[PDB]
Amino acid sequence: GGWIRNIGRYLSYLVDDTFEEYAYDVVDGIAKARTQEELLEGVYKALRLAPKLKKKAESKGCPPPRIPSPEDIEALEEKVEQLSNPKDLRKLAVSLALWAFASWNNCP
Amino acid sequence: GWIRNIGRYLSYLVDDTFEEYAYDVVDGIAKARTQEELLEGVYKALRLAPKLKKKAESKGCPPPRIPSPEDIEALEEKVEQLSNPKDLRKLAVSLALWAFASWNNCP
Amino acid sequence: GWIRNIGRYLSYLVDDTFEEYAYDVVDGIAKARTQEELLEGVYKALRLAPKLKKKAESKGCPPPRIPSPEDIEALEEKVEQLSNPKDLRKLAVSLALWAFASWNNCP
Amino acid sequence: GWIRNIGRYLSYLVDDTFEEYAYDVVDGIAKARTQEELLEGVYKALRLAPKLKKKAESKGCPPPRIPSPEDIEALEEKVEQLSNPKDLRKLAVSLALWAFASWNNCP
Amino acid sequence: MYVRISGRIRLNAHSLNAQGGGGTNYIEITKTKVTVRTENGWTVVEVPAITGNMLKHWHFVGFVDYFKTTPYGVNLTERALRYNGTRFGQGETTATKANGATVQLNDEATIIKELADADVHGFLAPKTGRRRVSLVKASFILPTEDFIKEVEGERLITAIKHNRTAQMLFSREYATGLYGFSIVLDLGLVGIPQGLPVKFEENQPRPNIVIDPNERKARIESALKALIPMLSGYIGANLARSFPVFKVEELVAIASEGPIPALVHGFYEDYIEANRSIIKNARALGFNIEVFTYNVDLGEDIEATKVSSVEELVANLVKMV
Amino acid sequence: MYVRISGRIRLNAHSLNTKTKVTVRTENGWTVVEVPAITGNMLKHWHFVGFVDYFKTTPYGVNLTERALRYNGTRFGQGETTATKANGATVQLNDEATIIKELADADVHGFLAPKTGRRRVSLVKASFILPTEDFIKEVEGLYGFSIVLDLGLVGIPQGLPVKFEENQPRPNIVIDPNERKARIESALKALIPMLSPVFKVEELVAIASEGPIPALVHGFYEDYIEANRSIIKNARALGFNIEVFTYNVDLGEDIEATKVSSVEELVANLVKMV
Amino acid sequence: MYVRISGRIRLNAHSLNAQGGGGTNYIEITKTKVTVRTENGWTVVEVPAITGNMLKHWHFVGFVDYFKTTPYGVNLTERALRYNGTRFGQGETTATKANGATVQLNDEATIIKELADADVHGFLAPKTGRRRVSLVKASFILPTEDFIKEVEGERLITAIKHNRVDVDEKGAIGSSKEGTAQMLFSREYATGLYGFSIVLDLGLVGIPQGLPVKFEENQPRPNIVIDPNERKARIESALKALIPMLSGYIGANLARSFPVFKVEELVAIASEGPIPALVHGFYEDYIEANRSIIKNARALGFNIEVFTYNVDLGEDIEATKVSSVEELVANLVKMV
């Protein structure tokens, strides 16, 4: 409900240039979310790199990354809780995985 | 609900200000497989609560939200029915996910 | 559940308004490998009863809650049947998970 | 099993409403590792019985219950067949642990 | 001028540095674990001890006591006048001199010059962030391994109770035994800032003495004379009702102008034999080392002055500087 | 003024409440032994009651507590925010100086009021009455004792011992100097009963000085005579003036010391110099 | 002087290298987990330790202390005089000498020429990118296996609690509302018998790392930018820096703890060329593991010269029986 783009903006920081942090493994794991448990594990792995990007963005004259709000985490948690079917789990995972590759204007 | 308070407390161990970066406890809680590992990781995380309480006034930040006895005394028996690691990993990742959220720790 | 009563007493000795800060015994109880170590830690924690009895009134606080003699029986019978390090460590960590909780004492 | 009467007797010299507060015997009971010093400690603790008996009527409360001679005798054959120190000190620390509780010594 | 003192002293029927029961009426001596060789391998024993903080504070007390009589005694903090152990607590940014004039804490040199409280025993002011390493270092006071070898236990401690509603009986623990001690005084930086210990005017090392050199000599002699009420009894706590029965048994002291190795603690049984080498070879390397020995024979080949008391030791050390 | 006394007394029928561990000489390996002893607190209480007794007869002996009059030397206990004088007047427990000017017992023996947190270190320090090694070696009774009178701060608060009127160290006296002298004289005279239920002093060494001096070595040890004679003959050269008095003990030659024949004349000589 | 020394020391009643505690009333000695066989399956146990960073910093302190006296001691960084452990800041481009001069942070040859501590301990300039591998490497200080295994428990640490007393001008303790700067300040105190295996590859001192060896005519030569007398003085200071290391001048809390120190035993090897790193003394049988590492090393063509203190090291091995530590340093510096 609008938080997919919010978390995708943060996820895109792990693939774009001007960051030197090419963590394709976490993006692939989130995109390959077979079940909810390891989908949450992939999201946690993506969030573990938040301090690195947050502190290194100011070291290169770039705005700090838009770390998702706790409301976004609550939305993700409640979406995962009611989902026990891989049918919609696949499309849900791909939804936030696809936003990783986008032409975001992180550094002007 | 019983996860947001503990996650709020956990987010205090890694953030701007509050100069105590302890990624080891978060990593142990998230990567815990059995009940004992999760319990000891939670104990390690809560061991730093007096440090956060002392550091709150040392920097002018509002006092940290120490988890109430109720949520922990419910979480303990919430843990003590999980015979499979699959249902424990989801609980651990849910516990450790909030540690990297944009909380207003020091407004 | 027979542990929160003794957990409150355990938390009485590592919180403010009581000026004890005996982290050593709490860490010993939590980081217990053999049952003898856990028994020694619990003995050390329970040793500081008389010091905290009359000091609470001198600091204008309600008397602290010693665990009832009934629960020592249950603790002993549980530790007798727990010999494997796994369950013993689980019990030891669960004893002091909320030692640093936010119990409301001395209002 | 012959463990609560001795605990009551040990508590009777540490609990309130008394005057003889000798922490030495209860401390040495916990810190025991060989047969001879443990027997010396228990005998020294038992030799405080006459003073407690003579001071019991000083307050009017019922006199303390001295452990029965059979209970004392059982300890000899209960400790004489223990050789390892791990089990020898378990009873030693249990005796001291049973001294601290929150019952009533005498109304 | 650097000096190291060590040896063995008989603390008989003392109560120094008790753990303290606070509210409760049990007073116990502090306990520490030490390792002893025995015969079947290393064994750990819990023994009474006196922490180095106790000895350091008492040496500070003696230093103030013997620095009051010096005509340069105005250069003391107000806290040091009442033997207030704290140097600069958290929160404050100024010091109260003995005269009464306030002393700023924005620089190390001004603190060093204005007051002698922080010069000898160091200081820390967290508000302004100033720090100065203490020039006096003391170790624990442990029973010597020789004594613990043939004491074979019995806890080395006896509890005695005292009386006085306001009527309670409180029991305190008393210890005994031949203990070992060692103190180090690196009194070469007295009156010298840590930030700029040298000046290098004509491209040569020059000590950066910021105070009057006669005042520096007075401070040094007072600091060494502070050892006078250390081996006489004024050490530890509960001096009102205990007053430890004190007598120095063995003493070794080394003094020098340049940096020298720390002499081995007297706790070990065979510290004399190690000291013989650590002193003879140290002099062989080319260190100007003066040796004073009380009630100990370290053999020949060493120009060690055989002495009879403690005050001659400080007298010789003072006349050496 | 600083005075230190160490000696031996032949005591019989001790008055403990209390044996403690003591390490005897036993050159063939140190060993410990339990021997009866008199606690230091009992010595301090005896000195306190003697001081009160000899201070009551003083014309200035009005600045005393009701507790001291009945010899109940409990001093200040928990929960007491005020004290009662000898004449019945009350005194407030909020400062050292205001207590000093009206409480003689709280001055010479120190005090502690926990309710207001006011502390004053005792000016008299006592050690145990231990049986000397010289006696214990032949038994396998003679007793050794040491007493310290740090009367240099009588009537001087610890908060502001010096004033610095124009940058000189001066004794900050908050009482009448004549009253301070009388208090010191009474404290010195308080040793008359301390050396007099059938014990008679055998050997005794006392030292007095206006400036601080190292504590005299305890008379417990067998070799205390040589240690103390070395102490005196050695510390006289450091630059301190020490008056040494002996009781039937000779420190040797090339040393000046008055040979007293009784304790009362010892106290007379000690008080006549102040 | 590729000198390697390892041995057992009886560290009793120390508090070196605490955990800081963030400034609260409880601070604990740092602990690490080590593996022991116990003859019934390898098990890991958590015990106090001294991190190698502390040992290296104290070696640097000893080095500058014994290098100031040498007349060649002018070439020292200004921050090094105050025993500041830092070498170069994150974003600083210049350095300050003792006399107050300015040293650039490019062409590290001149940096090691004009600076002493940065030459022998290495440095790092993030801006320019200069770097230099430390010529002194130290290992952890851990309780030995034979001791850690025979105690069978025995937590060692005692946690003595000693607090500050504060009195105002009215002799009042005070309360929390007035502050009075009172804290209980509990500290951990440990004991035991430990081992150390510090090494010193001092043969590379005064040589830039970019061109360690120069070629005049198809022949190697050391690139000694500094004067040979300066190199000898630096080597002598580095060797003598071990004197206030095996005497009780290591760790922290020296003003209150000052560990009761004694070297139980030690073995050192100097040699001239690259040689095997001596095994740590933490293991129980290291002496045997050393008796088979120097007896046969001399057979391969290494001019190993070994000094030993309280270790037999066989009889067929030509080992110099040193009686103390500083004369071991004298023997080491005899060969400069």
# chains A, B, ... in the order shown; residues from 1 in each chain; ligands from 1
call {"tool": "calpha_fit_and_write", "arguments": {"fixed": "chain D", "moving": "chain B", "output": "JSON list (two decimals) with C-alpha atoms, in the first residue's frame"}}
result
[["chain", "number", "residue", "atom", "x", "y", "z"],
["B", 1, "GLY", "CA", 12.91, -34.17, 53.79],
["B", 2, "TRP", "CA", 15.93, -34.38, 56.11],
["B", 3, "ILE", "CA", 17.12, -31.13, 54.51],
["B", 4, "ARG", "CA", 14.13, -28.96, 55.36],
["B", 5, "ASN", "CA", 14.51, -29.51, 59.11],
["B", 6, "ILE", "CA", 18.24, -28.73, 59.18],
["B", 7, "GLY", "CA", 17.65, -25.78, 56.85],
["B", 8, "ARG", "CA", 14.88, -24.57, 59.16],
["B", 9, "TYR", "CA", 17.30, -24.73, 62.09],
["B", 10, "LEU", "CA", 19.99, -22.94, 60.08],
["B", 11, "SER", "CA", 17.60, -20.13, 59.11],
["B", 12, "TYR", "CA", 17.37, -19.27, 62.82],
["B", 13, "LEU", "CA", 20.97, -17.99, 62.82],
["B", 14, "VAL", "CA", 20.15, -15.14, 60.40],
["B", 15, "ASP", "CA", 16.72, -13.46, 60.45],
["B", 16, "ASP", "CA", 14.62, -10.73, 62.02],
["B", 17, "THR", "CA", 14.65, -10.91, 65.82],
["B", 18, "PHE", "CA", 16.91, -13.53, 67.46],
["B", 19, "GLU", "CA", 19.71, -11.01, 67.75],
["B", 20, "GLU", "CA", 22.62, -13.32, 66.91],
["B", 21, "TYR", "CA", 23.95, -12.69, 63.40],
["B", 22, "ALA", "CA", 26.41, -15.51, 62.66],
["B", 23, "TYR", "CA", 27.21, -15.43, 58.95],
["B", 24, "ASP", "CA", 30.54, -17.19, 59.51],
["B", 25, "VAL", "CA", 28.99, -20.62, 60.11],
["B", 26, "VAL", "CA", 26.70, -20.30, 57.08],
["B", 27, "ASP", "CA", 29.63, -19.17, 54.92],
["B", 28, "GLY", "CA", 31.79, -22.06, 56.11],
["B", 29, "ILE", "CA", 29.06, -24.63, 55.53],
["B", 30, "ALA", "CA", 28.27, -23.29, 52.06],
["B", 31, "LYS", "CA", 31.92, -22.90, 51.00],
["B", 32, "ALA", "CA", 33.09, -26.22, 52.46],
["B", 33, "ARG", "CA", 35.05, -28.36, 50.00],
["B", 34, "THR", "CA", 36.01, -31.53, 51.89],
["B", 35, "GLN", "CA", 34.01, -33.64, 54.32],
["B", 36, "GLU", "CA", 35.87, -32.32, 57.37],
["B", 37, "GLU", "CA", 35.07, -28.68, 56.60],
["B", 38, "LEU", "CA", 31.37, -29.45, 56.16],
["B", 39, "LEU", "CA", 31.28, -31.48, 59.39],
["B", 40, "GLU", "CA", 33.03, -28.79, 61.42],
["B", 41, "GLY", "CA", 30.77, -26.11, 59.95],
["B", 42, "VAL", "CA", 27.71, -28.14, 60.92],
["B", 43, "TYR", "CA", 29.13, -28.59, 64.43],
["B", 44, "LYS", "CA", 29.74, -24.85, 64.70],
["B", 45, "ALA", "CA", 26.16, -24.17, 63.58],
["B", 46, "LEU", "CA", 24.72, -26.65, 66.09],
["B", 47, "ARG", "CA", 26.87, -25.23, 68.91],
["B", 48, "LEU", "CA", 24.50, -22.24, 68.97],
["B", 49, "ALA", "CA", 21.41, -24.42, 69.53],
["B", 50, "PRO", "CA", 21.40, -23.84, 73.33],
["B", 51, "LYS", "CA", 21.64, -20.12, 72.62],
["B", 52, "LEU", "CA", 18.58, -20.23, 70.37],
["B", 53, "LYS", "CA", 16.72, -22.32, 72.95],
["B", 54, "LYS", "CA", 17.52, -19.78, 75.67],
["B", 55, "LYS", "CA", 16.66, -16.80, 73.45],
["B", 56, "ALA", "CA", 13.31, -18.27, 72.36],
["B", 57, "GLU", "CA", 11.65, -17.62, 75.72],
["B", 58, "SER", "CA", 13.67, -14.42, 76.22],
["B", 59, "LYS", "CA", 11.68, -12.79, 73.39],
["B", 60, "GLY", "CA", 8.43, -14.79, 73.45],
["B", 61, "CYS", "CA", 9.16, -16.53, 70.16],
["B", 62, "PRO", "CA", 8.25, -20.21, 69.80],
["B", 63, "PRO", "CA", 11.08, -22.60, 70.74],
["B", 64, "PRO", "CA", 13.47, -23.35, 67.88],
["B", 65, "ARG", "CA", 13.25, -26.61, 65.96],
["B", 66, "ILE", "CA", 16.40, -28.40, 67.11],
["B", 67, "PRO", "CA", 17.27, -31.09, 64.52],
["B", 68, "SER", "CA", 16.39, -34.61, 65.60],
["B", 69, "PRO", "CA", 19.15, -37.18, 66.21],
["B", 70, "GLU", "CA", 17.76, -39.25, 63.32],
["B", 71, "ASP", "CA", 18.46, -36.81, 60.50],
["B", 72, "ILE", "CA", 22.02, -36.13, 61.67],
["B", 73, "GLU", "CA", 22.76, -39.82, 62.28],
["B", 74, "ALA", "CA", 21.65, -40.41, 58.69],
["B", 75, "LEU", "CA", 23.45, -37.38, 57.23],
["B", 76, "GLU", "CA", 26.77, -38.53, 58.67],
["B", 77, "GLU", "CA", 26.89, -41.70, 56.59],
["B", 78, "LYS", "CA", 25.26, -39.79, 53.74],
["B", 79, "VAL", "CA", 28.45, -37.71, 53.76],
["B", 80, "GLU", "CA", 30.77, -40.70, 54.08],
["B", 81, "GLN", "CA", 30.60, -41.84, 50.47],
["B", 82, "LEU", "CA", 31.45, -38.58, 48.63],
["B", 83, "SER", "CA", 34.90, -39.05, 47.10],
["B", 84, "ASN", "CA", 34.54, -36.06, 44.75],
["B", 85, "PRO", "CA", 34.10, -32.39, 45.72],
["B", 86, "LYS", "CA", 31.52, -31.96, 42.95],
["B", 87, "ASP", "CA", 28.94, -34.07, 44.78],
["B", 88, "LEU", "CA", 29.83, -32.45, 48.12],
["B", 89, "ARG", "CA", 29.41, -28.86, 46.94],
["B", 90, "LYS", "CA", 25.81, -29.53, 45.88],
["B", 91, "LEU", "CA", 25.04, -31.03, 49.29],
["B", 92, "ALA", "CA", 26.64, -28.07, 51.08],
["B", 93, "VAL", "CA", 24.81, -25.47, 48.99],
["B", 94, "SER", "CA", 21.53, -27.36, 49.50],
["B", 95, "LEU", "CA", 22.18, -27.30, 53.25],
["B", 96, "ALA", "CA", 22.99, -23.59, 53.31],
["B", 97, "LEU", "CA", 20.36, -22.35, 50.83],
["B", 98, "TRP", "CA", 17.46, -22.51, 53.30],
["B", 99, "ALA", "CA", 19.24, -20.16, 55.73],
["B", 100, "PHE", "CA", 17.98, -17.13, 53.75],
["B", 101, "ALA", "CA", 14.31, -18.04, 53.33],
["B", 102, "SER", "CA", 11.18, -16.26, 54.56],
["B", 103, "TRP", "CA", 10.48, -18.58, 57.48],
["B", 104, "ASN", "CA", 7.92, -17.77, 60.17],
["B", 105, "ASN", "CA", 10.42, -17.98, 63.00],
["B", 106, "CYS", "CA", 8.52, -15.62, 65.34],
["B", 107, "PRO", "CA", 4.85, -15.45, 64.25]]
call {"tool": "select_by_dssp", "arguments": {"residues": "chain C", "states": "alpha helix (DSSP H)", "output": "VMD selection string"}}
result
chain C and resid 4 to 11 23 to 30 35 to 47 50 to 58 69 to 81 85 to 95
call {"tool": "interface_residues", "arguments": {"of": "chain F", "to": "chain C", "cutoff": "12 Å", "atoms": "only C-alpha atoms", "output": "VMD selection string"}}
result
chain F and resid 78 to 79 114 to 115
call {"tool": "select_by_dssp", "arguments": {"residues": "region 33-240 of chain G", "states": "strand (DSSP E or B)", "output": "PyMOL selection string"}}
result
chain G and resi 33-36+43-48+50+77+94-97+102-104+123-124+131-132+136-137+141-143+161+172+186-187+190+193-196+199-201+213-215+220-222
call {"tool": "write_last_selection", "arguments": {"atoms": "C-alpha atoms", "output": "CSV table (one decimal), in the first residue's frame"}}
result
chain,number,residue,atom,x,y,z
G,33,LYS,CA,37.4,-18.1,24.1
G,34,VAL,CA,40.2,-20.6,23.7
G,35,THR,CA,40.2,-24.3,22.8
G,36,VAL,CA,41.6,-27.0,25.1
G,43,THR,CA,36.1,-27.6,24.4
G,44,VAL,CA,36.1,-23.8,24.3
G,45,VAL,CA,36.4,-21.8,27.5
G,46,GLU,CA,36.1,-18.0,28.0
G,47,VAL,CA,39.1,-16.5,29.9
G,48,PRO,CA,40.6,-13.0,30.4
G,50,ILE,CA,45.4,-8.9,26.9
G,77,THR,CA,56.5,13.0,15.9
G,94,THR,CA,51.1,17.1,7.5
G,95,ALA,CA,52.8,15.9,10.6
G,96,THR,CA,54.6,17.7,13.5
G,97,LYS,CA,58.0,16.8,14.7
G,102,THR,CA,56.4,20.1,9.4
G,103,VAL,CA,56.7,16.7,7.6
G,104,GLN,CA,54.8,16.0,4.4
G,123,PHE,CA,51.6,4.3,9.8
G,124,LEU,CA,48.6,5.0,7.5
G,131,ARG,CA,51.1,2.9,4.3
G,132,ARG,CA,53.8,0.9,6.0
G,136,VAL,CA,56.8,-5.0,15.4
G,137,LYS,CA,54.1,-7.6,15.7
G,141,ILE,CA,48.4,-12.8,26.1
G,142,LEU,CA,46.3,-15.9,27.1
G,143,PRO,CA,46.4,-18.2,30.1
G,161,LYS,CA,34.4,-3.1,44.1
G,172,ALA,CA,28.7,16.4,53.6
G,186,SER,CA,33.4,-1.8,40.3
G,187,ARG,CA,36.5,-3.3,38.6
G,190,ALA,CA,42.2,-11.5,37.3
G,193,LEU,CA,49.9,-17.8,34.2
G,194,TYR,CA,50.0,-16.5,30.6
G,195,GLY,CA,52.2,-16.6,27.5
G,196,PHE,CA,53.5,-14.1,25.0
G,199,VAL,CA,58.1,-10.7,17.3
G,200,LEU,CA,60.2,-7.9,15.8
G,201,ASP,CA,61.3,-7.8,12.1
G,213,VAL,CA,66.3,-3.3,-2.1
G,214,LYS,CA,68.3,-1.2,-4.6
G,215,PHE,CA,70.3,-2.5,-7.5
G,220,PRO,CA,71.3,-6.2,-4.2
G,221,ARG,CA,71.9,-3.5,-1.5
G,222,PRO,CA,69.7,-2.4,1.4
call {"tool": "residues_around", "arguments": {"residues": "residue 57 (chain A)", "least_positions_apart": "2", "cutoff": "12 Å", "atoms": "only C-alpha atoms", "output": "ChimeraX atom specification"}}
result
/A:13,17-21,50-55,59-66,106-107
call {"tool": "write_last_selection", "arguments": {"atoms": "N, CA and C atoms", "output": "compact mmCIF listing (two decimals), in the first residue's frame"}}
result
# COMPACT_ATOMS: atom_id res chain seq x y z
N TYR A 13 19.81 1.07 -3.27
CA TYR A 13 21.13 1.54 -2.88
C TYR A 13 22.17 0.44 -2.86
N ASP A 17 25.53 2.62 -8.68
CA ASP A 17 26.91 3.08 -8.60
C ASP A 17 27.01 4.17 -7.53
N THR A 18 28.16 4.84 -7.47
CA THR A 18 28.46 5.89 -6.50
C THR A 18 28.30 5.41 -5.06
N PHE A 19 28.31 4.09 -4.85
CA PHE A 19 28.25 3.52 -3.51
C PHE A 19 29.27 2.42 -3.27
N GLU A 20 29.78 1.77 -4.31
CA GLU A 20 30.81 0.74 -4.19
C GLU A 20 30.38 -0.39 -3.26
N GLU A 21 29.08 -0.64 -3.18
CA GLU A 21 28.52 -1.71 -2.35
C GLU A 21 27.64 -2.56 -3.26
N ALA A 50 22.27 -1.07 6.18
CA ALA A 50 21.84 0.32 6.31
C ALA A 50 22.88 1.21 6.97
N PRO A 51 23.53 0.84 8.08
CA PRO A 51 24.54 1.75 8.66
C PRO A 51 25.68 2.07 7.70
N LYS A 52 26.12 1.09 6.91
CA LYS A 52 27.23 1.33 5.99
C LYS A 52 26.87 2.41 4.98
N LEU A 53 25.74 2.25 4.30
CA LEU A 53 25.31 3.25 3.33
C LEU A 53 25.03 4.59 4.00
N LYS A 54 24.40 4.55 5.18
CA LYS A 54 24.06 5.79 5.88
C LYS A 54 25.30 6.60 6.21
N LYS A 55 26.36 5.95 6.66
CA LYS A 55 27.56 6.69 7.03
C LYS A 55 28.44 7.01 5.83
N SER A 59 30.00 10.74 3.27
CA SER A 59 31.43 10.76 2.98
C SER A 59 31.73 11.04 1.52
N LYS A 60 30.70 11.14 0.67
CA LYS A 60 30.90 11.40 -0.75
C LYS A 60 29.98 12.51 -1.26
N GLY A 61 29.50 13.38 -0.37
CA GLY A 61 28.65 14.48 -0.78
C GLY A 61 27.32 14.05 -1.37
N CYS A 62 26.67 13.07 -0.76
CA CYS A 62 25.38 12.59 -1.24
C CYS A 62 24.38 12.57 -0.10
N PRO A 63 23.10 12.74 -0.39
CA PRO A 63 22.10 12.72 0.67
C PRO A 63 22.06 11.37 1.34
N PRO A 64 21.72 11.33 2.63
CA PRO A 64 21.66 10.05 3.32
C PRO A 64 20.56 9.18 2.74
N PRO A 65 20.73 7.86 2.76
CA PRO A 65 19.71 6.97 2.21
C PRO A 65 18.41 7.07 3.00
N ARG A 66 17.29 6.92 2.29
CA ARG A 66 15.97 6.99 2.91
C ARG A 66 15.66 5.62 3.51
N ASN A 106 19.91 9.44 -6.80
CA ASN A 106 20.41 9.49 -5.43
C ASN A 106 21.39 10.64 -5.24
N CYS A 107 22.36 10.76 -6.15
CA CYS A 107 23.33 11.85 -6.10
C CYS A 107 23.17 12.73 -7.32
call {"tool": "closest_atom_pairs", "arguments": {"of": "chain E", "to": "chain D", "cutoff": "8 Å", "atoms": "only C-alpha atoms", "output": "JSON lines"}}
result
{"residue": "E:26", "atom": "CA", "partner": "D:23", "partner_atom": "CA", "distance": 7.5}
{"residue": "E:159", "atom": "CA", "partner": "D:24", "partner_atom": "CA", "distance": 7.6}
{"residue": "E:169", "atom": "CA", "partner": "D:19", "partner_atom": "CA", "distance": 7.9}
call {"tool": "write_last_selection", "arguments": {"atoms": "C-alpha atoms", "output": "PDB file, in the first residue's frame"}}
result
ATOM      1  CA  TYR E  26      28.804  -7.944  58.373  1.00  0.00           C
ATOM      2  CA  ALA E 159      35.647 -12.577  62.583  1.00  0.00           C
ATOM      3  CA  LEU E 169      25.967  -6.123  66.987  1.00  0.00           C
TER       4      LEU E 169
END
call {"tool": "closest_atom_pairs", "arguments": {"of": "chain E", "to": "chain F", "cutoff": "7 Å", "atoms": "only C-alpha atoms", "output": "Markdown table"}}
result
| residue | atom | partner | partner_atom | distance |
| --- | --- | --- | --- | --- |
| E:12 | CA | F:22 | CA | 6.3 |
| E:13 | CA | F:22 | CA | 6.6 |
| E:74 | CA | F:167 | CA | 6.9 |
| E:82 | CA | F:158 | CA | 5.5 |
| E:99 | CA | F:164 | CA | 5.6 |
| E:147 | CA | F:30 | CA | 6.3 |
| E:150 | CA | F:30 | CA | 6.9 |
| E:151 | CA | F:31 | CA | 6.4 |
| E:157 | CA | F:21 | CA | 6.8 |
| E:158 | CA | F:20 | CA | 5.7 |
| E:160 | CA | F:18 | CA | 6.2 |
| E:164 | CA | F:74 | CA | 6.3 |
| E:166 | CA | F:77 | CA | 6.9 |
| E:176 | CA | F:22 | CA | 6.2 |
| E:177 | CA | F:23 | CA | 6.1 |
| E:228 | CA | F:214 | CA | 5.9 |
| E:229 | CA | F:214 | CA | 5.1 |
| E:232 | CA | F:215 | CA | 5.0 |
| E:233 | CA | F:215 | CA | 6.0 |
| E:239 | CA | F:125 | CA | 6.3 |
| E:240 | CA | F:125 | CA | 4.4 |
| E:241 | CA | F:40 | CA | 5.0 |
| E:242 | CA | F:127 | CA | 5.0 |
| E:243 | CA | F:127 | CA | 4.7 |
| E:244 | CA | F:127 | CA | 6.6 |
| E:245 | CA | F:218 | CA | 5.9 |
| E:246 | CA | F:217 | CA | 6.6 |
| E:247 | CA | F:217 | CA | 6.5 |
| E:308 | CA | F:230 | CA | 6.9 |
| E:309 | CA | F:231 | CA | 6.4 |
| E:311 | CA | F:235 | CA | 5.9 |
| E:312 | CA | F:234 | CA | 6.2 |
| E:315 | CA | F:238 | CA | 6.5 |
call {"tool": "write_last_selection", "arguments": {"atoms": "C-alpha atoms", "output": "PDB file, in the first residue's frame"}}
result
ATOM      1  CA  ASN E  12      49.456  -8.561  61.849  1.00  0.00           C
ATOM      2  CA  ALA E  13      45.845  -8.373  63.093  1.00  0.00           C
ATOM      3  CA  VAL E  74      49.726  27.297  48.978  1.00  0.00           C
ATOM      4  CA  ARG E  82      40.687  17.865  53.667  1.00  0.00           C
ATOM      5  CA  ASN E  99      44.212  30.075  49.174  1.00  0.00           C
ATOM      6  CA  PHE E 147      53.665 -17.825  53.582  1.00  0.00           C
ATOM      7  CA  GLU E 150      52.898 -23.361  54.583  1.00  0.00           C
ATOM      8  CA  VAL E 151      49.673 -21.762  55.805  1.00  0.00           C
ATOM      9  CA  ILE E 157      40.872 -14.621  58.788  1.00  0.00           C
ATOM     10  CA  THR E 158      38.936 -14.414  62.058  1.00  0.00           C
ATOM     11  CA  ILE E 160      35.156 -10.483  65.730  1.00  0.00           C
ATOM     12  CA  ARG E 164      26.975  -0.502  70.689  1.00  0.00           C
ATOM     13  CA  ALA E 166      20.261   1.963  68.247  1.00  0.00           C
ATOM     14  CA  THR E 176      47.146 -11.376  59.368  1.00  0.00           C
ATOM     15  CA  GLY E 177      50.162 -12.669  57.479  1.00  0.00           C
ATOM     16  CA  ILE E 228      57.460   7.787  55.707  1.00  0.00           C
ATOM     17  CA  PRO E 229      53.875   7.212  56.964  1.00  0.00           C
ATOM     18  CA  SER E 232      55.017   2.915  59.722  1.00  0.00           C
ATOM     19  CA  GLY E 233      51.314   2.049  59.878  1.00  0.00           C
ATOM     20  CA  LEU E 239      42.707   3.170  61.540  1.00  0.00           C
ATOM     21  CA  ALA E 240      40.652   4.381  64.511  1.00  0.00           C
ATOM     22  CA  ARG E 241      39.981   0.956  66.045  1.00  0.00           C
ATOM     23  CA  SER E 242      42.477  -1.391  64.336  1.00  0.00           C
ATOM     24  CA  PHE E 243      45.842   0.343  63.671  1.00  0.00           C
ATOM     25  CA  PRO E 244      47.550  -2.607  61.949  1.00  0.00           C
ATOM     26  CA  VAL E 245      50.517  -4.025  63.852  1.00  0.00           C
ATOM     27  CA  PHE E 246      53.187  -3.073  61.325  1.00  0.00           C
ATOM     28  CA  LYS E 247      56.844  -3.999  60.892  1.00  0.00           C
ATOM     29  CA  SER E 308      68.511  -0.448  59.155  1.00  0.00           C
ATOM     30  CA  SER E 309      65.261   1.532  58.759  1.00  0.00           C
ATOM     31  CA  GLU E 311      63.674   6.992  57.005  1.00  0.00           C
ATOM     32  CA  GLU E 312      67.348   6.704  56.079  1.00  0.00           C
ATOM     33  CA  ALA E 315      67.019  10.663  53.495  1.00  0.00           C
TER      34      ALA E 315
END
